[PDB]
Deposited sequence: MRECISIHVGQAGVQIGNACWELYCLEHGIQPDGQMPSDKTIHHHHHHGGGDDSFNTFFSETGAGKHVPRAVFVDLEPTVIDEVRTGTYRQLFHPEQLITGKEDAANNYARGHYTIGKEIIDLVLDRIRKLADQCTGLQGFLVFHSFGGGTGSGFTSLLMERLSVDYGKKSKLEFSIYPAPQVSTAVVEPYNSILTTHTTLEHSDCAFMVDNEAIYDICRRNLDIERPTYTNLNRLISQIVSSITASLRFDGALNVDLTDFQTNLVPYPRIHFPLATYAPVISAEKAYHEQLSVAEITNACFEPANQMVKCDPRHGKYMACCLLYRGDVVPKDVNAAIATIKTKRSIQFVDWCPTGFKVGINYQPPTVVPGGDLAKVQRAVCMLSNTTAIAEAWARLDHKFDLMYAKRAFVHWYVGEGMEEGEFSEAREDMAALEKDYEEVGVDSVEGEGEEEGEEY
């Protein structure tokens, strides 16, 4: 009755969705073939004969990444029409995925989303997984969000994007795509949870003792966060959090909607045995800058709002004591105009351990989603990079040759400057 539709765009989104749906199948006991030997109803639809079909759409502009899914261990899980692929990727070009290649596939994906939503008695909204610094992840995602804002304007749309890391980068045009997609989706998105690959690498090294992690581990952690959220949506708990709750609590202003995600009990099995991961300890670990999953220091900014979603053997009074302790701490600073800046949800379902994974089996967990002004710094850095290239018009011909115009570059940069000014104004003291 609270159906939520997951849309995975590009290689990053598709590979994160692989882990997410493996985790959901494990949590609900669904075999990879789709057979369980009504909590799942929000994400799975029963096929009459006892088969469960995910309420997901895997869309990419190239066949390889989704063709791995179509022939992988979970080939029997996804509806074959829900795995949509193009013929040529966007080639790390926003214009290709938004103007030239995207326009040839947008109708198909919208039709599939309509078919999925028709079966939904009550549609909560969409969870869009993608990457900021990709062609289809950035351009096609913006086009899809634009179309959704018209087809389902009222429904809530939450994004799970891989914000480009401050230093680590796998492409040279990431700032262009990031600025363009941010400008496009700054008004068509409700909440945008951010995670950097660099921060997750640091966490994996420090906490999980994995010296050489790959994208599989990062995707497992991101899937754990997405679980926490959709599990507050799925299972039964003392305090329940819906998508609209995230939208209402984490977004003080329509444009300041970029929370950062965090997961406290990131710990290896060997190390977990020596720690009593109490609610207070995981709450404290959530606010430790070293545990942030976006490579930005919250101490440089102020916490606009926080949303703590606990799972497992969690007592509400323990949560209250931990949050009071956090409020007492002066290393953690909150904006003046938010005297009460803590949304809290509690769920009775503890996290499930994916076999072959790295995370330990725990009785308690917490996912924090924090809207903080520190993210502004990241934006500034990104903006600077954009300038450095747009001064020379580097790579600009690639975008202009695919339907874009330099006017769009200028408009996106102006909008991003306005966003920076908005963040600066929000961070000031009311006095």
Could you please spell out the deposited residue ranges that have no C-alpha entry in the coordinates? 38-52, 447-457
